[PDB]
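What follows is one chain in structure tokens, specifically the form deposited in one PDB entry.
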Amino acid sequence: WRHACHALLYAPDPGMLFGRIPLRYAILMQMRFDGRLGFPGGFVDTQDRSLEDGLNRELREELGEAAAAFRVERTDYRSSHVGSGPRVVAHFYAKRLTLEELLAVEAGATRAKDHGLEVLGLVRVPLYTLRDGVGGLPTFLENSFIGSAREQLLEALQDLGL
């Protein structure tokens, strides 16, 4: 029928926000064209050869030529949530990159086919909670998310410690 694939792209960061709050990882979510946060990717169309073939296709389109300097494999797979109402099964993948690899995506993402149409920009995910106990991750989640993207995210943070 209609399968959709989206990727979390994550690179470990030794950097320290304010020089004391440790970042731990760079994680890329995108601001979509509906004003909801989510992940790179989307529909697997009819003449795609595999789930994963179709994903790397959408990463290129949404992220740019730099997304092509790696490939999400079957092995990067995490989950599949069935969207019942809009009859669509939605597959998730998490790809470990170098911070050099992940920065090359962000720097190239403004030349992406879909930059400034489907993809309004890329945002890193703040993992820290700030002293006030609310600024950071807790607030980041208060934002608006398309379909299961908040679950996907929280499962990814969970799965790998956090």
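Counting begins at 1, following the sequence as shown. Here the rigid core means the biggest group of C-alpha atoms that line up within 1.5 Å when the two forms are laid on top of each other.
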Q. Do the C-alpha atoms of 59 to 67 or of 34 to 42 have the higher average B factor in the entry?
A. 59 to 67
Q) Averaged over C-alpha atoms, is the B-factor higher for 124 to 132 or for 48 to 56 in this PDB entry? A) 48 to 56
Q: Would you mind checking which of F140, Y25, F145, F18 has the top Cα temperature factor in the PDB entry?
A: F18
(Q) Going by the CA temperature factor in the PDB record, which third of the chain does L160 belong to: lowest, middle or highest? (A) highest
**Q.** Chain-wide C-alpha B factor ranking for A112, given as lowest, middle or highest third
**A.** highest
(Q) How does the C-alpha B factor of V88 compare with the rest of the chain: lowest, middle or highest third? (A) highest
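The discussion below concerns the form deposited in another entry, not included here.
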(Q) So that I can tell if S84 moves, could you say whether its C-alpha shifts by at least 2 Å between the shown form and the other one after the core superposition? (A) yes
Q.
Is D48 displaced by at least 2 Å at its C-alpha between the shown form and the other one when the rigid core is overlaid?
A. yes
Q | Outcome for the Cα pair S84, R150 in the other form, compared with this form (closer or farther; change of 3 Å or more) | A | closer
Q) Which way does the C-alpha gap of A112 and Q47 go in the other form, closer or farther, given it changes by 3 angstroms or more? A) farther
